[PDB]
Amino acid sequence: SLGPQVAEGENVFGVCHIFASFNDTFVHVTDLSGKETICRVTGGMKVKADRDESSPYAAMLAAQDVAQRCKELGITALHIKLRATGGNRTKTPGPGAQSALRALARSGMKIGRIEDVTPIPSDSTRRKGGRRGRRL
Amino acid sequence: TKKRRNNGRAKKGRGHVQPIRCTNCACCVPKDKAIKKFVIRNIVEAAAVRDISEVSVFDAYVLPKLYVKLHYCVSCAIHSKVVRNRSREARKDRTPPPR
Amino acid sequence: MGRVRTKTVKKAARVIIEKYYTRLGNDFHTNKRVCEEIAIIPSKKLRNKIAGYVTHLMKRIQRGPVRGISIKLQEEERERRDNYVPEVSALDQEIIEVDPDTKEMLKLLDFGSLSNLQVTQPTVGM
Amino acid sequence: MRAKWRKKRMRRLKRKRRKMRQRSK
Amino acid sequence: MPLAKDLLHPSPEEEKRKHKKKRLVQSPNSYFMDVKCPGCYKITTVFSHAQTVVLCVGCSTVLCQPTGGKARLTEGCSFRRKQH
Amino acid sequence: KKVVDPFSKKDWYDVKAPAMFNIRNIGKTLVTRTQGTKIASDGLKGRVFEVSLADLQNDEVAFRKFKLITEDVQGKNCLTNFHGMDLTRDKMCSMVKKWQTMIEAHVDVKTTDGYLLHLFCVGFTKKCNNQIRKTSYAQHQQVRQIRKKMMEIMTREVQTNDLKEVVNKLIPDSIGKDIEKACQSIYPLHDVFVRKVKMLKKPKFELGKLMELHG
Amino acid sequence: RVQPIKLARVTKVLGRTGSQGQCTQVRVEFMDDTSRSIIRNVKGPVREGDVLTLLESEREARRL
RNA sequence: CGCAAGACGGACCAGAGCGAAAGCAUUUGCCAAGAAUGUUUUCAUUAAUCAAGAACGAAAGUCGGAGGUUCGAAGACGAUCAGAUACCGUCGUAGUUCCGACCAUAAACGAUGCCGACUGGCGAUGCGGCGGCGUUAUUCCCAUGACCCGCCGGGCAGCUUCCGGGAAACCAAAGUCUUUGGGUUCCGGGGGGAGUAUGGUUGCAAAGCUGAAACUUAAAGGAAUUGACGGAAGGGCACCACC
Ligand SMILES: [Mg+2]
Ligand SMILES: [Mg+2]
Ligand SMILES: [Mg+2]
Ligand SMILES: [Mg+2]
Ligand SMILES: [Mg+2]
Ligand SMILES: [Mg+2]
Ligand SMILES: [Mg+2]
Ligand SMILES: [Mg+2]
Ligand SMILES: [Mg+2]
Ligand SMILES: [Mg+2]
Ligand SMILES: [Mg+2]
Ligand SMILES: [Mg+2]
Ligand SMILES: [Mg+2]
Ligand SMILES: [Mg+2]
Ligand SMILES: [Mg+2]
Ligand SMILES: [Mg+2]
Ligand SMILES: [Mg+2]
Ligand SMILES: [Mg+2]
Ligand SMILES: [Mg+2]
Ligand SMILES: [Mg+2]
Ligand SMILES: [Mg+2]
Ligand SMILES: [Mg+2]
Ligand SMILES: [Mg+2]
Ligand SMILES: [Mg+2]
Ligand SMILES: [Mg+2]
Ligand SMILES: [Mg+2]
Ligand SMILES: [Mg+2]
Ligand SMILES: [Mg+2]
Ligand SMILES: [Mg+2]
Ligand SMILES: [Mg+2]
Ligand SMILES: [Mg+2]
Ligand SMILES: [Mg+2]
Ligand SMILES: [Mg+2]
Ligand SMILES: [Mg+2]
Ligand SMILES: [Mg+2]
Ligand SMILES: [Mg+2]
Ligand SMILES: [Mg+2]
Ligand SMILES: [Mg+2]
Ligand SMILES: [Mg+2]
Ligand SMILES: [Mg+2]
């Protein structure tokens, strides 16, 4: 197991890119630049019903599997960037968002700075559904 | 017959106001008819604050909030119980409900 | 459950207290006999309920007065306080004093002594 | 809405009858 | 609305609160004033709501500025309201 | 890439910050080491690191994220340079609120050096200490004057300075601290932030200039 | 996926949850560090003071 | 991490502003226009309302160019269901965007013509003007800008009540009406047949404007009240309810 050859005094930070949506959740750990990635675990790898892919239990199951690989490779701390689907769509974090984030703290990893990174338009293209909306 | 003096809309001295999309419905409702609500919640939680305020590598780290402006259908807001019915004499009270 | 008394019991107990206030005490087995001898209750269960509410009212009349029963002992302590008392005196110091635009008013009806002044910041909330 | 649908069906029938009357004439 | 107000003999001050025309007999709110430039020395007579630029003669080559209401004097000292 | 556990073919590096920042050890990155035709320095250059200002200056606020672009590697070390400035969502959201006037402006300016910068600026009117009315709205001409006075300052202080000398003013944001004062005779305006700085055009490398920024 | 068992003591009964009112919201501490507390939905007749056994203590109850 | 394209101008954004209405929201410049306010300026009845006639007139639609990101009639599939040519899902043509011509209709609504006069109170609000203490900034200053406390014009509205009105709902106008007359344009006469047939006129088309009758019928309709019902909301309840 090779990692950054110092971790006893200072931590080694990363970024976690939690994307939580009303159909699914991702947990995705990259390096400090974002360009080189490490393990990425998704809610549908950790359940066998489509309706459960966006559920807090699938979210924490994923956060544990991510934190284990992160601790195993070289990483001891994380920064958090939190995503809803954003522009033209739901703009609110899905149900899995609060559970993955706290299953990182209950798994050994240390937390840094938390941000929301939801894409927001200065004004949009036209939203799906026609002028009477999805009526059912 | 005429249920509201203001026709259930805030328009006065205007022809037109720009429509907007009902946030869950995707409907098409005038900006001054839609039901607005500005939510300001903690990003982390109210219960799971201890598990994070303890793991933070910063001693005094204040957790950020999450500001969202929601626009609602009339039907879509009645169905999520954001609003309810009122008496014929109580519909005229326009104060925000006591905190 | 129940144990909520009825108006027929409460009104009876209130009258019994408002007339025979000085015969009633704090124990139940004596109030029972008192109400048995002063009134005519045509049942024994009703007698016990009335005598049990009388005790619960008596335990309260020893504190501040209730607002449905009027007795003589608790009226004097009102009457003798509604007449003047040395806690009050006259107008507390008879050198009371005013501000301008009142002296300007008093001047228009010929007043000339024993006052003061002050001027405020020039408008509300400053 | 029976009103505007009545309107549309009557418009359709009138267009058809006018086009026939013009063609055969 | 005292139900018995007197319209013929109004107040000496509540008749200057009203509009210039809604009062019993019309009267302008404007006036004429003597103005002194502190430089040259004349007695220029200026309308209060000037709306023009006034000069004295030569010298300061300004004496008032126009506005949306009453004209303002630059530093024209001692200005007197003329009378009736 | 499905070589044997491809994280065992990666090498780690250090990320250094420019000489102005008090803390100069940003962190670490990993790159697949050099092979027959894919060089590591190439696949390592051109990276952007977004670092909070607290994690670099150690003495001030937590917002005002900075962006740092990797320029040239030197033996297990990455030499970064300024690439842009920004603010955090929560601050910008907590500033925009009802019954106020929000005034925005933007300019494009050059630094005597070849760096062409695209600066944005924001401000908000201020309820007075004894106000009783509910709104602090400004008229149109007042907003136009404030925008003019904001753009003029935001250009004055970048036309006259090197790239290093301007970044040193962005660190504590004295630009906003003087716009707040300049616009006090128009409308109180209890906020000025240079909420963004974009890097549009930059001249050729000239490693001698980079090494001055690290000495 | 590998977690030991956790005994938890009940310190408050909140209300009856579920469609038929068939289970109870209950607040518990963790028998090791009393400074911890979670909310669970219990199936049986729970009093205050009982000790529950948790096969999965990293979860929390929302409702229903 | 960059590149390109075509849409769209969020949060600030309000019972707030402007315009004859339809409508109008990123910065900067230019072009002409406009209401209100201030005026001891000027002309001197020059005005109000309006057949004929005229300008503008959301969306959709038609003709000829450019472009085509997103969304999406028609259409093709996947579901749901007795059926499902629908509601839900994945695509997708015309269209949606700009220019040059047409079309002239909307629950185009304040379902309320325009001009003028009179009849209660209150607190706010956008514009202009006037007066007055005190805070605040520059230049220490006078000016002025932000607040503060009032007054006057006219503007979008609100609360209030035995002005008064009305079938009432409600309305400071829908009031000043059997105590009926300030001026003027449009327009209705039980419900259908029917905005139909036919003639005329306009348009490339779709269609717009004008517009009956035979026949048929005792009601159609408005406001409010009391029940019953609701796949409406709130609070409770029963092993003839469930767990
Ligand atoms: Mg689509
Ligand atoms: Mg529905
Ligand atoms: Mg109805
Ligand atoms: Mg309209
Ligand atoms: Mg406006
Ligand atoms: Mg904008
Ligand atoms: Mg006219
Ligand atoms: Mg005509
Ligand atoms: Mg059109
Ligand atoms: Mg079109
Ligand atoms: Mg044509
Ligand atoms: Mg075409
Ligand atoms: Mg079809
Ligand atoms: Mg089908
Ligand atoms: Mg069916
Ligand atoms: Mg159905
Ligand atoms: Mg479909
Ligand atoms: Mg599509
Ligand atoms: Mg048309
Ligand atoms: Mg025309
Ligand atoms: Mg019409
Ligand atoms: Mg009409
Ligand atoms: Mg009138
Ligand atoms: Mg006003
Ligand atoms: Mg004013
Ligand atoms: Mg003034
Ligand atoms: Mg001004
Ligand atoms: Mg108007
Ligand atoms: Mg009014
Ligand atoms: Mg009228
Ligand atoms: Mg009249
Ligand atoms: Mg008829
Ligand atoms: Mg007709
Ligand atoms: Mg015809
Ligand atoms: Mg009959
Ligand atoms: Mg009815
Ligand atoms: Mg009814
Ligand atoms: Mg209910
Ligand atoms: Mg029971
Ligand atoms: Mg059973």
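The structure this text deals with has already been given above.
Our subject in this report is the structure included herewith.

## Considering the overall build of chain B
Part 1: If you tally the helices and strands in chain B, you get two helices and four strands.
Part 2: For 99 residues, the compact-globule estimate of 2.2 N^0.38 gives 13 Å, and chain B exceeds it by more than 25% at 19 Å.
Part 3: For the C-alpha atoms alone, the extent of chain B along its principal axes is close to 65 × 30 × 25 Å.
Part 4: Within chain B, the proportion of its 99 residues that are buried is 25%.
Part 5: The contacts in chain B between residues at least 6 apart in sequence include a share of 57% that link residues at least 24 apart.
Part 6: When the accessible area of chain B is evaluated, it comes to approximately 7,600 Å², of which 51% is carbon and sulfur surface.
Part 7: Counting 25 positive and 7 negative side-chain charges, chain B places the centres of these two groups 19 Å from one another.

## Some details on the interface of chain A and chain B
Part 1: Each partner contributes to the interface: chain A provides 26 residues, whereas chain B provides 23 residues.
Part 2: Where chain A abuts chain B, roughly 2,100 Å² becomes buried across the two surfaces, and 60% of that area is made up of carbon and sulfur atoms.
Part 3: Linking chain A with chain B are one salt bridge, by the criterion used here.
Part 4: Applying the counting rule to chain A against chain B returns 10 residue pairs in polar contact.
Part 5: A per-element tally of the side of chain A that touches chain B places strand 5 (residues 110-116) of chain A first, with six residues.

## Side note on a nonpolar patch on the surface
Part 1: On the surface, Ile5, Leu7, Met31, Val51 and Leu55 of chain G cluster together to form a nonpolar patch covering roughly 460 Å² of accessible area.
Part 2: Structurally, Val51 of chain G can be placed in strand 4 (residues 51-54).

## A closer look at the protein's contact with RNA strand H
Part 1: Surveying the vicinity of RNA strand H reveals 86 residues, the closest of which are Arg6 and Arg17 of chain D, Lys20 of chain E together with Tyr137 and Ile186 of chain F.
Part 2: Each atom of RNA strand H within 4 Å of the protein was classed as base or backbone; sugar and phosphate made up 80%.
Part 3: Here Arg5 of chain B contributes a side-chain N or O atom positioned 2.9 Å from a phosphate oxygen of RNA strand H.
Part 4: At a separation of 2.9 Å, a phosphate oxygen of RNA strand H approaches a polar side-chain atom of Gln139 of chain F.
Part 5: At the level of elements, helix 1 (2-23) of chain D together with strand 6 (102-110) and helix 4 (140-159) of chain F are the ones that each hand at least two residues to the surface near RNA strand H.
Part 6: If one sorts the elements of the surface near RNA strand H by residue count, helix 1 of chain D sits on top with nine residues.

## Observations concerning the state of the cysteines
Here is the idea: a disulfide is a covalent bond, and it sits between the sulfur atoms of two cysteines.
Part 1: Under the criterion given, the structure shown has five disulfides over all chains.
Part 2: A sulfur-sulfur separation of 2.0 Å characterises the disulfide bridge that pairs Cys22 of chain B with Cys25 of chain B. In this pair, the class of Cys22 of chain B matches that of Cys25 of chain B, namely buried.
Part 3: Across the disulfide from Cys25 of chain B sits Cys76 of chain B; the S-S distance is 1.9 Å. Of the two residues, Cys25 of chain B is situated in the loop between strand 1 (19-20) and strand 2 (29-30) and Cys76 of chain B in helix 2 (residues 75-79); the sequence distance between them amounts to 51 residues.
Part 4: A residue is classified by how much of its surface remains accessible, and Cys76 of chain B, at 17% relative accessible area, is buried.
Part 5: Of all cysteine sulfurs, the one in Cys70 of chain A lies closest to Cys39 of chain A, which takes part in no disulfide; the gap is 4.6 Å.
Part 6: With no disulfide of its own, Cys77 of chain E lies 7.6 Å from the sulfur of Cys37 of chain E, the closest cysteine sulfur.
Part 7: For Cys77 of chain E, a relative accessible area of 29% gives the class partly exposed.

## Regarding the side chain of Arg64 of chain F
All names here are of chain F.
Part 1: Mapped onto the fold, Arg64 is located in the loop between helix 2 (54-57) and strand 4 (66-73).
Part 2: One polar contact links the side chain of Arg64 to the main-chain carbonyl oxygen of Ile171, over a distance of 3.1 Å.
Part 3: Among the polar contacts made by the side chain of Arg64, one reaches the side chain of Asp173 at a distance of 3.4 Å.
Part 4: In contact with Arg64, other than residues within four places in its own chain, are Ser52, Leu53, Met85, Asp86, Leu87, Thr88, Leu170, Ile171, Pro172, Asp173 and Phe193.

## Considering the pattern of salt bridges
Part 1: One pass over the structure, following the stated rule, counts 22 salt bridges over all chains.
Part 2: Among the ionic pairs, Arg106 of chain A bridges to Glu58 of chain G, the shortest N-O distance being 3.6 Å. With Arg106 of chain A in the loop between helix 2 (97-105) and strand 5 and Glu58 of chain G in the segment after strand 4, this residue pair bridges two chains.
Part 3: Residue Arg106 of chain A is classed as partly exposed on the basis of its relative accessible area of 35%.
Part 4: Note on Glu58 of chain G: relative accessible area 31%, which makes it partly exposed.
Part 5: With a shortest N-O distance of 3.6 Å, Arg17 of chain E and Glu14 of chain E are connected by a salt bridge.
Part 6: Residue classification places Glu14 of chain E among the partly exposed positions, given a relative accessible area of 38%.

## Some points on the sheet that holds strand 3 (residues 37-42) of chain A
Sheets are built from strands paired through backbone hydrogen bonds, the pairs being either parallel or antiparallel.
Residues and elements named next belong to chain A.
Part 1: On the basis of which strands lie adjacent, the open sheet formed by five strands has the order 3-2-1-4-5 and mixed pairing. Looking at the sheet topology across the chains shown, the edges are occupied by strand 3 and strand 5. When the angles between neighbouring strand axes are averaged without regard to direction, this sheet yields 20 degrees.
Part 2: Where strand 1 (residues 18-21) lies against strand 4 (residues 77-83), two bridges are found, and the strand directions are parallel. Residue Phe19 lies in a different strand from strand 4, and its bridge partner there is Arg83.
Part 3: On the sheet, helix 1 (residues 56-73) packs against strand 2 (24-30) and strand 3 and is oriented at approximately 160 degrees with respect to strand 3.

What counts and what doesn't
Residues numbered from 1 in each chain as written, not as in the entry; some residues may be left out. Chains lettered and ligands numbered in written order. Part of a larger assembly, values for the part shown. Heavy atoms only, no water. Helix = DSSP H or I, 4+ residues; strand = E, 2+ residues; numbered from the N terminus. Rg over C-alpha atoms; globule rule 2.2 N^0.38 Å. Buried < 20%, exposed > 50% of the residue type's maximum accessible area, 1.4 Å probe, protein only. Contact = heavy atoms within 4.5 Å. Areas by Shrake-Rupley, 256 points an atom, 1.4 Å probe, with all protein chains shown as cover. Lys, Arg positive; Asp, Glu negative; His and termini not counted. Charge placed at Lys NZ, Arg CZ, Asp CG, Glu CD. Buried area = accessible area lost by both parts, 1.4 Å probe. Salt bridge = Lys/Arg side-chain N within 4 Å of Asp/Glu carboxyl O. Polar contact = N/O pair within 3.5 Å; in protein donor to acceptor, adjacent residues only side chain to side chain. Patch = residues over 30% accessible without salt bridge, like charges linked within 9 Å, V, L, I, M, F, W, Y side chains within 5 Å. Near = heavy atom within 4 Å. Disulfide = S-S within 2.5 Å. Pairing = 2+ DSSP bridges. Axes fitted to C-alpha atoms, helices over the stretch in contact; angles between N-to-C directions.

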